């Protein structure tokens, strides 16, 4: 408390923060005197990127609720201890290396706490004990490596917790001294967990066993090579699972068997070379499966069977076998939901494209986008595709870039696309072995194509 009109300057030693208080109170100068009543009138401060090193003085602002200090140079935050009305707090992008146990002992009304992009290395026990109303905690982009069992104890109303771009990996290795640290114990309301970008190479079963309420788990960009059976056993409410960008080489059978609400599974960028049958048996809600950038070849009949709600399937960048193309096509004759199908950079060839035309020729195909970039397709894969382009009325996008289509192949497609049942909006035929003469004839005849918004003919550079 102050009891005399005092210059801002005298209360807030940091020239930059004084200027913040001046602005915040609408005074012309830091030399202007303030009263306690005026300091009591401050319930919100927005001071991101203000070149602040020091919030000394803020102690005298008993009523602050919303405090935004992102982008400054704060290392200490003692001055905040007792601002008990704080509900929203942004301290991201400062120079905080360390936090005392108990700095938030008194911040009982805090609901949102952003601590991202600092240089925290560890956190003492119960550093958030008394934040019972806290629902969002962001600790991404720190250097965190050292947490105990109970660093997140007391946080029983937490709904979002972001730990991305830290270095927690060693804490979850089995040989780690004491065993792995199960620091998600009790987090019963947690709905959103982002654990991407640590160096995680093991994942103990039971790290998530209490997360009854989880909807989104992000494990992207770690070093994982396998998942223990039942590491998701009790994540029953889960809708989004992101396992992209790991080293996954095998999945156990029924790692996801208890995840019936799952709508989105990102398995992209790994080294999966196989998938056990049944792995997708109980995912009847799943609408997006992304398996791109992996080393797939063969797959059991009915790895995709139960996925009758599936809507986008991405198998780009694999070495899919002609067999697998028949399963996919199989799915489409039955599912009648699959809309996007990405098969880029696979050796499909005529053999696969024919298999895939079978479905497209089936009245019940809902397929809207097909991408067969660089699929090693021929001019006679196009006789077969053309067949469908006349019929498959739901088909709107077709990408055949970087294939050896040639002119006789392209012509097939123009006679098809000029046909009454063509509803195609987009055609990509870049690098398909075409002349300008070709490309110009193509462009011209497709101006008559009623549905065609979009047409690419690049990397086809020969004049006659």
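Positions refer to the first chain, counted from 1.
Given 354-362 and 96-104, the range whose Cα B-factors average higher in the PDB entry:
Mean CA B-factor is higher for 354-362.
Comparing 334-342 with 178-186, which stretch shows the greater average C-alpha B-factor in the deposited entry?
Of 178-186 and 334-342, the stretch with the higher C-alpha B-factor average is 334-342.
Between 162, 269, 165, 277, which one tops the list for Cα B-factor in this entry?
The listed residue with the largest C-alpha B-factor is 277.
I'd like to know which of 124, 87, 254, 71 has the highest C-alpha temperature factor in the PDB entry.
The record points to 254.
Please place residue 440 in the lowest, middle or highest third of its chain according to the CA B-factor in the PDB entry.
CA B-factor rank for residue 440: highest third.
Sorting the chain's CA B-factors, does residue 4 end up in the lowest, middle or highest third?
Residue 4: CA B-factor falls in the middle third of its chain.
Position of residue 373 among the chain's modelled residues by C-alpha B-factor, lowest, middle or highest third
Middle third - that is where residue 373 ends up once the chain's C-alpha B-factors are sorted.
Lowest, middle or highest third: where is residue 42 by C-alpha B factor in its chain?
According to the entry, residue 42 has a C-alpha B-factor in the chain's lowest third.
In terms of the chain's CA B-factor thirds, is residue 325 lowest, middle or highest?
Within its chain, residue 325 is a highest-third residue by C-alpha B-factor, going by the deposited values.
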